[PDB]
Peer 1: 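Got a structure for you, written out below as structure tokens; questions coming shortly.
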Amino acid sequence: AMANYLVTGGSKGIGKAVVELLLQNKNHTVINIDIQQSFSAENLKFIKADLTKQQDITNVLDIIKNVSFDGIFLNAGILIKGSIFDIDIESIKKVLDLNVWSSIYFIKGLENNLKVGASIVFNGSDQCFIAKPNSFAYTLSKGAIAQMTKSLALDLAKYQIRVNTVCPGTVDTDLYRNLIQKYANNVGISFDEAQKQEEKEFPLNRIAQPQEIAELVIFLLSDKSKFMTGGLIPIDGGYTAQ
């Protein structure tokens, strides 16, 4: 059967991995909303948008107004480092605007575009559960997502619409590599040395590949998971168990 999916931040990392998996069935149409397009497929639609700008999101909503969605994956997001004292107001706002508001604007705007029985999945973080040093804005944003998950699950349950959030540990993405490279350069160690330090933070002693997180997202979007809603689902190599 034909199905439609929407992915915000679908051009890189987990979002890209989810897009590629969803495209495997030719009866699936995926709509990727991001600032730059990634790869192409006949069943992949790209719409450019700066997800920190409400007006850009309003423009997307107009374009997709007739589409009814089976699944949505919200992977827009950024991490800017710093404790509350070290990150400026402008950056905190940027993190909230992308990580939280972009999803608010979309879900609010897709009220009549969500099929009965649809599945909405947020990209959360192990920081939906715990904090990490010098990560104020990001942790704050993931707390908001954690509870937004539960509110939407309660209010959308009458329509059999499920809402869940994957909570990844560190994932080998562009943004991750960027932060760790800049950290490595700052403290005078190699990238490899830096990654090894990060890997030891997890009981599994490794970080995740984006495809691994995407498999869980795909499960949550699939017809196999219809009784799951309102859940924060750990995929963190044991991080929150310790």
Side-chain angles (χ1 to χ4, degrees), residues 1-51 56-77 102-103 105-124 149 152-153 156-157 159-168 171-175 208-229 231 233 235:
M2 291 184 291
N4 296 322
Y5 304 91
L6 179 70
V7 181
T8 66
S11 286
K12 279 146 57 178
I14 304 166
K16 173 181 179 276
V18 166
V19 167
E20 181 160 8
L21 287 177
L22 289 171
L23 287 172
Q24 288 181 349
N25 186 328
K26 298 301 199 175
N27 293 333
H28 292 173
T29 295
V30 183
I31 302 173
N32 173 22
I33 312 303
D34 214 324
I35 185 61
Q36 170 174 59
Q37 182 168 8
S38 197
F39 73 94
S40 310
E42 68 273 20
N43 56 329
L44 173 62
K45 319 294 171 174
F46 173 74
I47 310 172
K48 179 177 182 182
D50 178 342
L51 297 171
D56 278 20
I57 299 173
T58 296
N59 295 348
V60 171
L61 286 165
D62 183 39
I63 291 169
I64 68 182
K65 61 185 170 183
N66 179 252
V67 181
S68 307
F69 296 97
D70 298 81
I72 298 181
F73 179 45
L74 300 160
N75 187 62
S102 71
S103 299
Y105 289 135
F106 267 109
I107 296 302
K108 197 155 176 56
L110 293 166
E111 180 172 17
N112 300 336
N113 304 81
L114 299 172
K115 298 179 177 175
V116 168
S119 181
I120 297 175
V121 179
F122 290 85
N123 185 30
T149 302
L152 297 170
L156 296 180
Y159 311 119
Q160 303 180 80
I161 290 161
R162 306 109 66 175
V163 187
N164 296 278
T165 289
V166 298
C167 298
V171 184
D172 197 352
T173 65
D174 280 337
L175 173 134
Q209 294 303 309
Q211 186 177 93
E212 300 189 278
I213 313 304
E215 294 286 0
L216 177 57
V217 174
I218 275 41
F219 183 84
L220 295 171
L221 294 173
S222 79
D223 286 354
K224 298 172 197 65
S225 63
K226 299 184 174 170
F227 199 63
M228 299 177 72
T229 193
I233 316 302
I235 175 158

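Each residue takes its place number in the sequence, starting with 1. All values below come from the heavy atoms of this structure, side chains included, with hydrogens, waters and symmetry mates left out.
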Peer 1: Taking the side chain as everything from C-beta on, heavy atoms only, tell me whether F39 gets closer than 4.5 Å to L23.
Peer 2: yes
Peer 1: I'd like to know if the side chain of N113 and the backbone of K65 have a donor-acceptor N/O pair within less than 3.5 Å.
Peer 2: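 Looks like yes, one N/O pair under 3.5 Å.
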Peer 1: Go through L61 and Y105 one step at a time and tell me if the side-chain contact (heavy atoms from CB on, under 4.5 Å) criterion holds.
Peer 2: CA-CA 9 Å; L61 286 165; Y105 289 135; 5.5 Å; no
Peer 1: Would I72 and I107 count as a side-chain contact (heavy atoms from CB on, under 4.5 Å) if you check the C-alpha gap in whole Å, the side-chain angles of each, and the deciding distance to 0.1 Å?
Peer 2: CA-CA 9 Å; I72 298 181; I107 296 302; 4.3 Å; yes
Peer 1: Could you measure the distance from the NE2 atom of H28 to the CG atom of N4? Nearest 0.5 Å is fine.
Peer 2: 9.5 Å
Peer 1: So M2 and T29, side-chain contact (heavy atoms from CB on, under 4.5 Å) or not? Walk me through it.
Peer 2: CA-CA 8 Å; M2 291 184 291; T29 295; over 6 Å; no
Peer 1: For the CD1 atom of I14 and the CD atom of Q209, what is their distance to the nearest 0.5 Å?
Peer 2: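 It comes to 11.0 Å.
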Peer 1: Of the non-hydrogen atoms in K224 and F219, which two are nearest, and what is the gap between them?
Peer 2: CB-CE1, 3.8 Å
Peer 1: Counting C-beta onward and ignoring hydrogens, is there a side-chain heavy-atom pair between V30 and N43 closer than 4.5 Å?
Peer 2: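 Counting from C-beta outward, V30 and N43 never come under 4.5 Å.
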Peer 1: Check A17 against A214 and note the closest heavy-atom contact, atom names and distance.
Peer 2: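 The answer is CB-CB, 3.6 Å.
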Peer 1: State, with a plain yes or no, whether a side-chain heavy atom of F69 is found less than 4.5 Å away from one of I120.
Peer 2: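 Heavy-atom side-chain distance check fails, nothing below 4.5 Å.
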Peer 1: Tell me, do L6 and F106 make a side-chain contact under 4.5 Å, heavy atoms counted?
Peer 2: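 Yes, their side chains come closer than 4.5 Å.
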Peer 1: Go through the structure and list residues passing salt bridge (charged side-chain N to carboxylate O under 4.0 Å, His left out) with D70, not counting sequence neighbours.
Peer 2: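 Partners of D70 under the salt bridge (charged side-chain N to carboxylate O under 4.0 Å, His left out) test: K115.
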Peer 1: After noting the C-alpha distance and the side-chain angles of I33 and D56, does the key distance pass the side-chain contact (heavy atoms from CB on, under 4.5 Å) rule?
Peer 2: CA-CA 10 Å; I33 312 303; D56 278 20; over 6 Å; no
Peer 1: Quick one: does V163's side chain get under 4.5 Å of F122's, heavy atoms only?
Peer 2: yes
Peer 1: State, with a plain yes or no, whether a side-chain heavy atom of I64 is found less than 4.5 Å away from one of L110.
Peer 2: yes
Peer 1: More than 12 non-hydrogen atoms from neighbouring residues, nucleotides or ligands closer than 6.0 Å to CD on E212, yes or no?
Peer 2: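 Yes, because the 6.0 Å sphere around CD of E212 holds more than 12 heavy atoms from other groups.
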Peer 1: Nearest 0.5 angstrom please: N123 CG to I213 CD1, how far?
Peer 2: 8.0 Å
Peer 1: With a 3.5 Å cut-off and no angle check, do the side chains of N32 and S11 form a donor-acceptor pair?
Peer 2: yes
Peer 1: Between SG of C167 and CD1 of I233, what distance do you get to the nearest 0.5 Å?
Peer 2: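 The CD1 atom of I233 is 7.5 Å from SG of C167, to the nearest 0.5 Å.
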Peer 1: Does any part of the side chain of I63, heavy atoms only, come nearer than 4.5 Å to the side chain of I31, both counted from C-beta?
Peer 2: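 Side-chain contact under 4.5 Å: no.
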Peer 1: When rounded to the nearest 0.5 angstrom, what is the spacing between CG in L51 and CG in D34?
Peer 2: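 Spacing of CG (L51) from CG (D34) equals 6.5 Å.
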Peer 1: Does the side chain of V18 come within less than 4.5 Å of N75's, by heavy atoms?
Peer 2: no
Peer 1: Keeping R162 on the side-chain end and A153 on the backbone end, is there a donor-acceptor pair under 3.5 Å?
Peer 2: no
Peer 1: Minimum heavy-atom separation for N27 and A1, please, with both atom names.
Peer 2: CB-O, 3.8 Å
Peer 1: If you draw a 6.0 Å radius around CG in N66, do more than 12 non-hydrogen atoms from other residues or ligands fall strictly inside?
Peer 2: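 No, CG of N66 has 12 or fewer neighbouring heavy atoms, counting only those of other groups under 6.0 Å.
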Peer 1: Can you tell me how far CD1 of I57 sits from NZ of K108, rounded to the nearest 0.5 angstrom?
Peer 2: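 Spacing of NZ (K108) from CD1 (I57) equals 13.5 Å.
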Peer 1: State which residues pass side chain to side chain donor-acceptor pair (under 3.5 Å) with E42; sequence neighbours excluded, sorted by chain then number.
Peer 2: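 Listed in chain order: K26.
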Peer 1: I'd like to know if the side chain of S225 reaches the main chain of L220, judged simply by a donor and an acceptor atom lying under 3.5 Å from each other, with no hydrogens or angles considered.
Peer 2: yes
